[PDB]
>>> print(open('start.cif').read())   # mmCIF, C-alpha atoms
data_start
#
loop_
_atom_site.label_atom_id
_atom_site.label_comp_id
_atom_site.auth_asym_id
_atom_site.auth_seq_id
_atom_site.Cartn_x
_atom_site.Cartn_y
_atom_site.Cartn_z
CA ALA A 4 -63.73 37.02 96.62
CA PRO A 5 -65.71 38.63 99.43
CA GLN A 6 -67.05 41.88 98.02
CA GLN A 7 -65.03 44.02 100.45
CA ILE A 8 -61.79 42.53 99.15
CA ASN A 9 -62.98 42.68 95.55
CA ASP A 10 -63.89 46.35 95.86
CA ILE A 11 -60.81 47.71 97.63
CA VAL A 12 -58.46 45.75 95.38
CA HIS A 13 -60.11 46.78 92.12
CA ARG A 14 -60.67 50.38 93.19
CA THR A 15 -57.02 50.72 94.19
CA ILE A 16 -55.34 48.75 91.42
CA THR A 17 -57.28 49.86 88.34
CA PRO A 18 -56.31 53.53 88.77
CA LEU A 19 -52.73 52.47 89.59
CA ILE A 20 -52.49 50.55 86.34
CA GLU A 21 -53.89 53.52 84.42
CA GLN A 22 -51.65 56.11 86.08
CA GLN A 23 -48.46 54.06 85.74
CA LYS A 24 -49.28 52.56 82.32
CA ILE A 25 -48.62 49.05 83.61
CA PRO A 26 -49.12 46.47 80.85
CA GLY A 27 -50.01 43.56 83.12
CA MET A 28 -50.44 42.93 86.82
CA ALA A 29 -51.30 40.15 89.25
CA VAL A 30 -52.29 40.70 92.86
CA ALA A 31 -52.87 38.30 95.73
CA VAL A 32 -54.48 39.32 98.99
CA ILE A 33 -54.08 37.00 101.95
CA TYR A 34 -57.00 37.61 104.27
CA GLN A 35 -57.48 35.62 107.45
CA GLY A 36 -54.88 33.30 105.95
CA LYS A 37 -56.70 32.58 102.67
CA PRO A 38 -55.53 33.83 99.24
CA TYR A 39 -57.62 35.81 96.76
CA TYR A 40 -56.26 36.45 93.28
CA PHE A 41 -56.71 39.24 90.75
CA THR A 42 -55.20 39.78 87.30
CA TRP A 43 -55.26 42.49 84.66
CA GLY A 44 -53.78 43.17 81.28
CA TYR A 45 -51.01 41.54 79.33
CA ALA A 46 -48.10 39.22 80.00
CA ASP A 47 -47.06 39.65 76.36
CA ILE A 48 -48.46 42.64 74.47
CA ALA A 49 -47.34 41.60 70.98
CA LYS A 50 -48.70 38.05 71.32
CA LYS A 51 -51.82 39.22 73.20
CA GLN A 52 -51.20 36.86 76.12
CA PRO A 53 -53.13 37.85 79.24
CA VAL A 54 -51.83 37.81 82.79
CA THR A 55 -53.19 34.73 84.55
CA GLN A 56 -52.62 33.11 87.93
CA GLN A 57 -49.96 30.97 86.21
CA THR A 58 -48.00 33.89 84.70
CA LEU A 59 -44.35 34.11 85.79
CA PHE A 60 -43.01 37.53 86.77
CA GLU A 61 -39.43 38.52 87.58
CA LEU A 62 -39.35 39.22 91.32
CA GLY A 63 -36.18 41.25 91.18
CA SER A 64 -34.99 42.08 94.67
CA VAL A 65 -37.95 40.32 96.28
CA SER A 66 -35.62 37.36 95.57
CA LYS A 67 -33.58 38.56 98.55
CA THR A 68 -36.33 37.30 100.86
CA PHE A 69 -35.75 33.78 99.51
CA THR A 70 -31.99 34.22 99.97
CA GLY A 71 -32.48 35.44 103.53
CA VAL A 72 -34.69 32.47 104.39
CA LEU A 73 -32.33 29.98 102.74
CA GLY A 74 -29.53 31.49 104.80
CA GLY A 75 -31.70 31.26 107.89
CA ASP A 76 -32.28 27.59 107.13
CA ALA A 77 -28.51 27.01 106.82
CA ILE A 78 -28.01 28.64 110.23
CA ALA A 79 -30.75 26.47 111.74
CA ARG A 80 -29.02 23.41 110.27
CA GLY A 81 -25.78 24.43 112.00
CA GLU A 82 -23.98 24.76 108.67
CA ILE A 83 -23.15 28.44 109.16
CA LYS A 84 -23.35 31.11 111.85
CA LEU A 85 -24.05 34.78 111.15
CA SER A 86 -21.28 35.60 113.60
CA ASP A 87 -18.77 33.69 111.40
CA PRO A 88 -16.09 35.70 109.59
CA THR A 89 -16.63 35.84 105.84
CA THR A 90 -13.14 34.37 105.43
CA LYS A 91 -14.24 31.14 107.14
CA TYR A 92 -16.21 30.31 103.98
CA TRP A 93 -13.87 31.98 101.51
CA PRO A 94 -10.30 31.56 102.78
CA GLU A 95 -8.99 32.96 99.49
CA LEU A 96 -10.40 36.33 100.59
CA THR A 97 -7.10 37.38 102.17
CA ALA A 98 -7.16 41.18 101.82
CA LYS A 99 -6.99 42.95 105.19
CA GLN A 100 -10.22 44.94 104.92
CA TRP A 101 -12.10 41.64 105.34
CA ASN A 102 -10.93 41.24 108.94
CA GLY A 103 -14.03 41.76 111.06
CA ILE A 104 -16.61 41.43 108.26
CA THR A 105 -19.06 38.68 109.21
CA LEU A 106 -21.83 36.86 107.38
CA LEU A 107 -24.24 39.07 109.35
CA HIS A 108 -22.69 42.16 107.78
CA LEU A 109 -23.03 40.69 104.28
CA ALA A 110 -26.63 39.61 104.84
CA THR A 111 -27.73 43.03 106.14
CA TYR A 112 -25.75 45.43 103.92
CA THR A 113 -23.58 46.58 106.83
CA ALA A 114 -20.12 45.37 105.71
CA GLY A 115 -18.90 48.94 105.12
CA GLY A 116 -20.18 50.04 101.71
CA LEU A 117 -20.14 47.07 99.37
CA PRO A 118 -21.52 48.48 96.12
CA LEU A 119 -25.10 48.17 94.88
CA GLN A 120 -24.10 46.35 91.70
CA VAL A 121 -21.55 43.71 90.85
CA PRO A 122 -19.84 45.14 87.76
CA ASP A 123 -20.87 43.62 84.42
CA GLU A 124 -17.23 42.73 83.77
CA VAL A 125 -17.26 40.28 86.69
CA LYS A 126 -18.17 36.85 85.35
CA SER A 127 -15.93 34.00 86.52
CA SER A 128 -15.22 32.73 90.02
CA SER A 129 -11.78 34.29 89.65
CA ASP A 130 -13.28 37.64 88.60
CA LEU A 131 -15.51 37.59 91.65
CA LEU A 132 -12.63 36.96 94.06
CA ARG A 133 -10.65 39.79 92.47
CA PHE A 134 -13.62 42.17 92.81
CA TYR A 135 -14.08 41.54 96.54
CA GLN A 136 -10.32 41.57 97.20
CA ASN A 137 -9.99 44.98 95.55
CA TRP A 138 -13.04 46.56 97.16
CA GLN A 139 -12.18 49.31 99.64
CA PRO A 140 -14.73 49.87 102.39
CA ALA A 141 -15.66 53.44 103.14
CA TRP A 142 -16.72 52.55 106.68
CA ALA A 143 -15.96 50.17 109.51
CA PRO A 144 -18.17 47.08 109.61
CA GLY A 145 -21.48 47.39 111.42
CA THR A 146 -21.76 51.17 111.26
CA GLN A 147 -23.70 52.06 108.10
CA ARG A 148 -26.26 50.38 105.86
CA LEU A 149 -25.95 50.62 102.09
CA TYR A 150 -28.40 48.40 100.23
CA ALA A 151 -26.31 46.20 97.94
CA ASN A 152 -26.63 43.18 95.63
CA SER A 153 -22.91 42.52 96.11
CA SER A 154 -23.49 42.21 99.85
CA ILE A 155 -26.47 39.89 100.22
CA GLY A 156 -25.48 38.17 96.97
CA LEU A 157 -22.19 37.08 98.51
CA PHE A 158 -24.02 36.05 101.66
CA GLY A 159 -26.21 33.70 99.63
CA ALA A 160 -23.27 32.19 97.76
CA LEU A 161 -21.30 31.56 100.96
CA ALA A 162 -24.28 30.36 102.99
CA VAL A 163 -24.72 27.29 100.77
CA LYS A 164 -21.06 26.27 100.64
CA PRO A 165 -21.12 23.82 103.56
CA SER A 166 -24.17 22.11 102.01
CA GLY A 167 -22.16 21.04 98.97
CA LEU A 168 -25.08 22.13 96.78
CA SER A 169 -25.25 24.88 94.20
CA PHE A 170 -27.25 27.91 95.32
CA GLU A 171 -30.04 26.93 92.92
CA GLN A 172 -30.09 23.30 94.07
CA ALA A 173 -30.12 24.37 97.73
CA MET A 174 -32.97 26.83 97.11
CA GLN A 175 -34.99 24.19 95.25
CA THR A 176 -34.45 21.38 97.74
CA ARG A 177 -34.62 23.39 100.95
CA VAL A 178 -37.09 26.18 100.20
CA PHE A 179 -39.17 25.81 97.02
CA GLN A 180 -39.96 22.10 97.27
CA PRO A 181 -40.96 21.91 100.94
CA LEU A 182 -43.24 24.95 100.53
CA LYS A 183 -44.74 23.52 97.32
CA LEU A 184 -43.60 26.50 95.27
CA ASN A 185 -43.65 24.36 92.15
CA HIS A 186 -43.80 27.26 89.70
CA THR A 187 -40.96 29.28 91.16
CA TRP A 188 -37.67 29.29 89.30
CA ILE A 189 -34.16 30.66 89.31
CA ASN A 190 -33.91 29.55 85.69
CA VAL A 191 -37.19 29.36 83.75
CA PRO A 192 -37.39 25.93 82.07
CA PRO A 193 -38.36 25.77 78.38
CA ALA A 194 -41.60 24.00 79.37
CA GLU A 195 -42.62 27.06 81.37
CA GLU A 196 -41.72 29.75 78.81
CA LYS A 197 -45.35 29.91 77.63
CA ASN A 198 -46.13 31.50 81.00
CA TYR A 199 -43.11 33.80 81.31
CA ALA A 200 -44.30 37.40 81.00
CA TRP A 201 -42.19 39.92 79.15
CA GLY A 202 -41.05 42.95 81.10
CA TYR A 203 -41.49 46.37 79.53
CA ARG A 204 -38.90 49.11 79.69
CA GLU A 205 -39.46 52.21 77.57
CA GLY A 206 -41.99 50.17 75.61
CA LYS A 207 -39.52 47.41 74.78
CA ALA A 208 -40.02 43.78 75.81
CA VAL A 209 -37.14 42.69 78.06
CA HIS A 210 -36.03 39.91 80.38
CA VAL A 211 -33.40 40.13 83.10
CA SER A 212 -29.84 39.62 81.84
CA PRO A 213 -27.41 37.10 83.34
CA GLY A 214 -25.02 38.55 85.92
CA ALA A 215 -22.73 37.50 88.75
CA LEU A 216 -24.69 36.60 91.89
CA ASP A 217 -27.96 37.13 90.01
CA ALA A 218 -29.69 34.08 91.50
CA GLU A 219 -28.76 35.23 95.00
CA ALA A 220 -29.75 38.89 94.65
CA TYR A 221 -32.48 39.33 92.03
CA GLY A 222 -33.07 36.25 89.94
CA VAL A 223 -36.21 34.47 91.08
CA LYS A 224 -39.30 34.27 88.83
CA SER A 225 -42.66 33.19 90.27
CA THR A 226 -46.44 33.15 89.85
CA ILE A 227 -49.00 35.02 91.91
CA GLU A 228 -50.14 31.70 93.39
CA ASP A 229 -46.67 30.68 94.54
CA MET A 230 -46.04 34.17 95.89
CA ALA A 231 -49.27 34.01 97.89
CA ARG A 232 -48.01 30.71 99.33
CA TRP A 233 -44.68 32.41 100.10
CA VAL A 234 -46.56 35.10 102.03
CA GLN A 235 -48.62 32.45 103.87
CA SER A 236 -45.42 30.65 104.83
CA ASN A 237 -43.84 33.84 106.17
CA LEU A 238 -47.04 34.84 108.01
CA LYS A 239 -47.25 31.49 109.80
CA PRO A 240 -43.86 29.76 109.91
CA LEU A 241 -45.07 27.43 112.69
CA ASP A 242 -47.29 25.58 110.21
CA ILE A 243 -44.19 24.56 108.26
CA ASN A 244 -43.33 20.91 108.89
CA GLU A 245 -39.61 21.14 108.11
CA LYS A 246 -37.94 22.22 111.35
CA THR A 247 -34.92 24.12 110.02
CA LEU A 248 -37.04 25.92 107.41
CA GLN A 249 -39.53 27.04 110.06
CA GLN A 250 -36.56 28.36 112.02
CA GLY A 251 -35.01 29.97 108.95
CA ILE A 252 -38.15 31.96 108.24
CA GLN A 253 -38.20 33.15 111.84
CA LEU A 254 -34.53 34.18 111.64
CA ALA A 255 -35.12 36.17 108.45
CA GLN A 256 -37.71 38.30 110.28
CA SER A 257 -35.49 38.97 113.27
CA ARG A 258 -34.51 42.63 113.75
CA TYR A 259 -30.73 43.03 113.40
CA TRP A 260 -30.26 46.76 112.82
CA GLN A 261 -32.38 49.88 113.07
CA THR A 262 -32.31 52.91 110.78
CA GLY A 263 -35.01 55.44 111.55
CA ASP A 264 -38.30 53.56 111.71
CA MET A 265 -37.02 50.52 109.81
CA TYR A 266 -35.46 47.28 111.00
CA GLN A 267 -33.27 45.15 108.78
CA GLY A 268 -33.94 41.41 108.65
CA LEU A 269 -32.43 38.81 106.32
CA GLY A 270 -33.91 39.99 103.02
CA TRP A 271 -37.10 41.15 104.73
CA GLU A 272 -37.36 44.67 106.13
CA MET A 273 -39.74 45.50 108.98
CA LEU A 274 -41.46 48.36 110.74
CA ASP A 275 -43.60 48.30 113.86
CA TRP A 276 -47.33 48.12 113.15
CA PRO A 277 -49.33 50.27 113.10
CA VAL A 278 -46.94 51.93 110.71
CA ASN A 279 -47.15 55.50 109.55
CA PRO A 280 -47.74 55.04 105.81
CA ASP A 281 -45.44 58.04 105.26
CA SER A 282 -42.68 56.13 107.07
CA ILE A 283 -42.83 53.35 104.48
CA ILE A 291 -32.44 57.38 95.41
CA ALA A 292 -29.65 55.53 93.59
CA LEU A 293 -27.46 55.26 96.71
CA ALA A 294 -28.66 55.91 100.29
CA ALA A 295 -26.10 55.54 103.08
CA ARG A 296 -27.59 55.44 106.58
CA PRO A 297 -26.04 55.00 110.01
CA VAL A 298 -27.35 51.88 111.74
CA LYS A 299 -27.92 51.05 115.38
CA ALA A 300 -27.17 47.45 116.33
CA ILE A 301 -29.99 45.56 117.97
CA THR A 302 -28.09 43.66 120.61
CA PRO A 303 -29.19 40.89 120.53
CA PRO A 304 -31.56 40.83 117.54
CA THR A 305 -35.26 40.89 118.37
CA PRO A 306 -37.03 37.68 117.37
CA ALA A 307 -39.73 38.14 114.72
CA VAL A 308 -42.31 40.62 116.02
CA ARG A 309 -45.88 39.70 115.06
CA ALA A 310 -47.00 43.35 115.21
CA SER A 311 -44.87 44.29 112.18
CA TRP A 312 -45.29 45.59 108.67
CA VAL A 313 -42.92 43.17 106.93
CA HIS A 314 -42.09 43.98 103.34
CA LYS A 315 -39.76 44.01 100.36
CA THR A 316 -39.75 45.88 97.05
CA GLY A 317 -38.16 44.42 93.94
CA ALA A 318 -37.32 45.48 90.44
CA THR A 319 -35.64 44.34 87.29
CA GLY A 320 -35.35 46.43 84.14
CA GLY A 321 -38.84 45.40 83.06
CA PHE A 322 -40.64 44.37 86.26
CA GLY A 323 -41.79 45.82 89.56
CA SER A 324 -42.84 43.68 92.52
CA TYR A 325 -43.93 44.30 96.10
CA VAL A 326 -44.77 42.07 99.04
CA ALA A 327 -46.07 43.19 102.42
CA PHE A 328 -47.65 41.36 105.34
CA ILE A 329 -48.67 41.81 108.97
CA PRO A 330 -48.30 38.59 110.95
CA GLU A 331 -50.52 39.63 113.85
CA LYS A 332 -53.40 40.29 111.42
CA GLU A 333 -52.87 37.22 109.20
CA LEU A 334 -52.97 39.71 106.36
CA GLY A 335 -50.75 40.22 103.34
CA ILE A 336 -50.44 41.31 99.74
CA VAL A 337 -48.35 40.52 96.68
CA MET A 338 -48.27 42.89 93.70
CA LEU A 339 -46.48 41.67 90.56
CA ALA A 340 -46.22 43.87 87.52
CA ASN A 341 -44.32 43.83 84.20
CA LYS A 342 -43.19 47.39 84.39
CA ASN A 343 -40.71 48.88 86.92
CA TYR A 344 -42.93 51.68 88.28
CA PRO A 345 -42.14 53.92 91.30
CA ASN A 346 -41.85 52.23 94.70
CA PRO A 347 -43.98 54.83 96.50
CA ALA A 348 -46.94 53.97 94.25
CA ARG A 349 -46.52 50.30 95.19
CA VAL A 350 -46.45 51.02 98.90
CA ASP A 351 -49.35 53.46 98.71
CA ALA A 352 -51.56 50.90 96.98
CA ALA A 353 -50.57 48.08 99.33
CA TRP A 354 -51.26 50.24 102.36
CA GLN A 355 -54.64 51.38 101.04
CA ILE A 356 -55.66 47.75 100.56
CA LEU A 357 -54.30 46.32 103.82
CA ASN A 358 -55.44 49.25 105.95
CA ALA A 359 -58.98 48.79 104.63
CA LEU A 360 -58.93 45.09 105.50
CA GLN A 361 -57.20 45.16 108.89
#
>>> encode(input="start.cif", output="structure tokens")
Amino acid sequence: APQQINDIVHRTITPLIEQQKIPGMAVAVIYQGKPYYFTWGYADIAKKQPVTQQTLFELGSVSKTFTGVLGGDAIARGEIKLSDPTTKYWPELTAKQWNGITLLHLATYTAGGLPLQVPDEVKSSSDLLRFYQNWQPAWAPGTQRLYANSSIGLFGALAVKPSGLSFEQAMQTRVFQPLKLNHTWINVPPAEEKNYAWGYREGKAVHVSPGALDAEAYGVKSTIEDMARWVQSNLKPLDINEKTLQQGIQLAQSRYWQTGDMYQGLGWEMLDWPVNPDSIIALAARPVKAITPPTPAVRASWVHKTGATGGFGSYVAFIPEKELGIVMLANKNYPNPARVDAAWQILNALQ
């Protein structure tokens, strides 16, 4: 890499790894559109396997960016509309609280307090229906944001219904394959296990457990190379040949709601750039202001998403107007502020 990139990345990341006791980490910097890769430490401590550019990490909630884009693609295809009632795609959802809750609300965590987690006890399709039928909103739709797997997770599941495909099949065919993300998986195949890092939680090697709506909310695994390509694709959607996918990416970066300095997209979250680094809790309820109509993707944005599983911590941030971005994948779930601080140090130095 150019020495400037080499130096700021190493001088930022090495101390981070030391301070947070991160076993293994991969970083990609996208600079003037080109990717530069860095790796440290161990994918598997016990087996002494190093992190490489082919190592798979659990993205955790960074998966929601894929879900948002897949949903965007389904909108572009005319298969769904964000203004559609949820009940249009799940008629069995007959309980009265669902009147007025749209796909937009599900996608953007504004349905009225859907909970962060789908309970472990919810497994079958019948269990899932029961759960949503019994849920009692605390708030009217479109008034408060509460970040929630059960919200965007349901959005993802419903968004693919008209397609006839499973969520996984839709994601593969419509998102992963066209973008050549050939080492990105909802379910890691046996052939790829050699490259699947272990996560570390309290010193124990762990992988994400199966759960309802896992694929949709937190279940993607990917390499640093594929994630760099994901950032490139989101930085420059116009280079994407597939029309509805190009559109879907644009829709996911539209600004639907504002809370403080942040704007909610589909999966992605955005702030105006330049962004006060200080501007970038188990449950955090915030009133939202509707952006009527949503602002199309603003190039002068800090666009980002954090993600965690029990054993992994991921972060992606990019600035379209600067053709600049970063992916940080680690096999420990370390504090979000440390992720953002490191990303900002690096991108600020390069912009």
>>> resolve_selection(input="start.cif", expression="the PyMOL selection byres ((chain A and resi 132) around 12)", output="ChimeraX atom specification")
/A:90,93-98,121,125-131,133-138,153,157,215
>>> resolve_selection(input="start.cif", expression="the PyMOL selection byres ((chain A and resi 9) around 12)", output="list in words")
residues 4, 5, 6, 7, 8, 10, 11, 12, 13, 14, 15, 16, 17, 30, 31, 32, 34, 39, 40, 41, 42, 356, 359 and 360 of chain A
>>> atom_distance(input="start.cif", atom1="atom CA of residue A:225", atom2="atom CA of residue A:353")
19.1 Å
>>> closest_atom_pairs(input="start.cif", of="stretch 195-292 of chain A", to="stretch 159-164 of chain A", cutoff="10 Å", atoms="all atoms listed in the file", output="CSV")
residue,atom,partner,partner_atom,distance
A:216,CA,A:160,CA,7.5
A:218,CA,A:159,CA,8.9
A:219,CA,A:159,CA,5.5
A:220,CA,A:159,CA,8.0
>>> write_last_selection(input="start.cif", atoms="C-alpha atoms", output="PDB file, keeping the file's coordinate frame")
ATOM      1  CA  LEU A 216     -24.690  36.600  91.890  1.00  0.00           C
ATOM      2  CA  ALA A 218     -29.690  34.080  91.500  1.00  0.00           C
ATOM      3  CA  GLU A 219     -28.760  35.230  95.000  1.00  0.00           C
ATOM      4  CA  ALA A 220     -29.750  38.890  94.650  1.00  0.00           C
TER       5      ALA A 220
END
>>> closest_residue(input="start.cif", among="A:208, A:300, A:269, A:307", to="residue A:47", atoms="only C-alpha atoms")
A:208
>>> resolve_selection(input="start.cif", expression="the PyMOL selection byres ((chain A and resi 80) around 12)", output="JSON, numbers by chain")
{"A": [73, 74, 75, 76, 77, 78, 79, 81, 82, 83, 84, 162, 163, 165, 166, 177, 245, 246, 247, 248, 249, 250, 251]}
>>> closest_residue(input="start.cif", among="A:256, A:236, A:279, A:23", to="residue A:334", atoms="all atoms listed in the file")
A:236
>>> closest_atom_pairs(input="start.cif", of="stretch 46-113 of chain A", to="stretch 189-197 of chain A", cutoff="12 Å", atoms="only C-alpha atoms", output="JSON lines")
{"residue": "A:46", "atom": "CA", "partner": "A:197", "partner_atom": "CA", "distance": 10.0}
{"residue": "A:47", "atom": "CA", "partner": "A:197", "partner_atom": "CA", "distance": 10.0}
{"residue": "A:50", "atom": "CA", "partner": "A:197", "partner_atom": "CA", "distance": 10.8}
{"residue": "A:52", "atom": "CA", "partner": "A:197", "partner_atom": "CA", "distance": 9.2}
{"residue": "A:53", "atom": "CA", "partner": "A:197", "partner_atom": "CA", "distance": 11.2}
{"residue": "A:54", "atom": "CA", "partner": "A:197", "partner_atom": "CA", "distance": 11.4}
{"residue": "A:55", "atom": "CA", "partner": "A:197", "partner_atom": "CA", "distance": 11.5}
{"residue": "A:57", "atom": "CA", "partner": "A:195", "partner_atom": "CA", "distance": 9.6}
{"residue": "A:58", "atom": "CA", "partner": "A:197", "partner_atom": "CA", "distance": 8.5}
{"residue": "A:59", "atom": "CA", "partner": "A:195", "partner_atom": "CA", "distance": 8.5}
{"residue": "A:60", "atom": "CA", "partner": "A:191", "partner_atom": "CA", "distance": 10.5}
{"residue": "A:61", "atom": "CA", "partner": "A:189", "partner_atom": "CA", "distance": 9.6}
{"residue": "A:62", "atom": "CA", "partner": "A:189", "partner_atom": "CA", "distance": 10.2}
{"residue": "A:63", "atom": "CA", "partner": "A:189", "partner_atom": "CA", "distance": 10.9}
{"residue": "A:66", "atom": "CA", "partner": "A:189", "partner_atom": "CA", "distance": 9.3}
{"residue": "A:69", "atom": "CA", "partner": "A:189", "partner_atom": "CA", "distance": 10.8}
{"residue": "A:70", "atom": "CA", "partner": "A:189", "partner_atom": "CA", "distance": 11.4}
>>> residues_around(input="start.cif", residues="residue A:114", least_positions_apart="6", cutoff="10 Å", atoms="all atoms listed in the file", output="mmCIF file with C-alpha atoms, keeping the file's coordinate frame")
data_model
loop_
_atom_site.group_PDB
_atom_site.id
_atom_site.type_symbol
_atom_site.label_atom_id
_atom_site.label_comp_id
_atom_site.auth_asym_id
_atom_site.auth_seq_id
_atom_site.Cartn_x
_atom_site.Cartn_y
_atom_site.Cartn_z
ATOM 1 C CA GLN A 100 -10.220 44.940 104.920
ATOM 2 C CA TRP A 101 -12.100 41.640 105.340
ATOM 3 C CA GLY A 103 -14.030 41.760 111.060
ATOM 4 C CA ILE A 104 -16.610 41.430 108.260
ATOM 5 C CA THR A 105 -19.060 38.680 109.210
ATOM 6 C CA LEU A 106 -21.830 36.860 107.380
ATOM 7 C CA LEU A 107 -24.240 39.070 109.350
ATOM 8 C CA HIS A 108 -22.690 42.160 107.780
ATOM 9 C CA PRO A 140 -14.730 49.870 102.390
ATOM 10 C CA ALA A 141 -15.660 53.440 103.140
ATOM 11 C CA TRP A 142 -16.720 52.550 106.680
ATOM 12 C CA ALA A 143 -15.960 50.170 109.510
ATOM 13 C CA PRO A 144 -18.170 47.080 109.610
ATOM 14 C CA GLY A 145 -21.480 47.390 111.420
ATOM 15 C CA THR A 146 -21.760 51.170 111.260
ATOM 16 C CA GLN A 147 -23.700 52.060 108.100
ATOM 17 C CA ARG A 148 -26.260 50.380 105.860
ATOM 18 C CA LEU A 149 -25.950 50.620 102.090
ATOM 19 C CA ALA A 151 -26.310 46.200 97.940
ATOM 20 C CA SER A 154 -23.490 42.210 99.850
#
>>> atom_distance(input="start.cif", atom1="atom CA of residue A:231", atom2="atom CA of residue A:350")
17.3 Å
>>> atom_distance(input="start.cif", atom1="atom CA of residue A:346", atom2="atom CA of residue A:253")
25.9 Å
>>> closest_residue(input="start.cif", among="A:291, A:339, A:173, A:65", to="residue A:228", atoms="all atoms listed in the file")
A:339
>>> build_atoms(input="start.cif", residues="stretch 210-223 of chain A", atoms="N, CA and C atoms", output="mmCIF file, in the coordinates of the input")
data_model
loop_
_atom_site.group_PDB
_atom_site.id
_atom_site.type_symbol
_atom_site.label_atom_id
_atom_site.label_comp_id
_atom_site.auth_asym_id
_atom_site.auth_seq_id
_atom_site.Cartn_x
_atom_site.Cartn_y
_atom_site.Cartn_z
ATOM 1 N N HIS A 210 -36.229 40.809 79.258
ATOM 2 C CA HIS A 210 -36.030 39.910 80.380
ATOM 3 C C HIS A 210 -34.712 40.236 81.064
ATOM 4 N N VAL A 211 -34.617 39.895 82.343
ATOM 5 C CA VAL A 211 -33.400 40.130 83.100
ATOM 6 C C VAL A 211 -32.185 39.453 82.448
ATOM 7 N N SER A 212 -31.061 40.160 82.416
ATOM 8 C CA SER A 212 -29.840 39.620 81.840
ATOM 9 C C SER A 212 -29.044 38.832 82.873
ATOM 10 N N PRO A 213 -28.279 37.832 82.416
ATOM 11 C CA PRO A 213 -27.410 37.100 83.340
ATOM 12 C C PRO A 213 -26.375 38.033 83.970
ATOM 13 N N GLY A 214 -26.042 37.783 85.229
ATOM 14 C CA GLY A 214 -25.020 38.550 85.920
ATOM 15 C C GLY A 214 -24.490 37.777 87.107
ATOM 16 N N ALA A 215 -23.300 38.139 87.570
ATOM 17 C CA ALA A 215 -22.730 37.500 88.750
ATOM 18 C C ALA A 215 -23.643 37.685 89.961
ATOM 19 N N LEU A 216 -23.852 36.599 90.696
ATOM 20 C CA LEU A 216 -24.690 36.600 91.890
ATOM 21 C C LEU A 216 -26.131 37.016 91.598
ATOM 22 N N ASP A 217 -26.575 36.804 90.361
ATOM 23 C CA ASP A 217 -27.960 37.130 90.010
ATOM 24 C C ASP A 217 -28.989 36.284 90.761
ATOM 25 N N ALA A 218 -28.771 34.978 90.809
ATOM 26 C CA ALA A 218 -29.690 34.080 91.500
ATOM 27 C C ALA A 218 -29.900 34.527 92.940
ATOM 28 N N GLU A 219 -28.798 34.900 93.579
ATOM 29 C CA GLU A 219 -28.760 35.230 95.000
ATOM 30 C C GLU A 219 -29.402 36.589 95.317
ATOM 31 N N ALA A 220 -29.324 37.542 94.408
ATOM 32 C CA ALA A 220 -29.750 38.890 94.650
ATOM 33 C C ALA A 220 -31.041 39.335 93.948
ATOM 34 N N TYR A 221 -31.349 38.819 92.802
ATOM 35 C CA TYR A 221 -32.480 39.330 92.030
ATOM 36 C C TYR A 221 -33.075 38.399 91.008
ATOM 37 N N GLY A 222 -32.787 37.126 91.054
ATOM 38 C CA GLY A 222 -33.070 36.250 89.940
ATOM 39 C C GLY A 222 -34.233 35.286 90.020
ATOM 40 N N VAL A 223 -35.069 35.376 91.010
ATOM 41 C CA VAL A 223 -36.210 34.470 91.080
ATOM 42 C C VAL A 223 -37.381 34.959 90.224
#
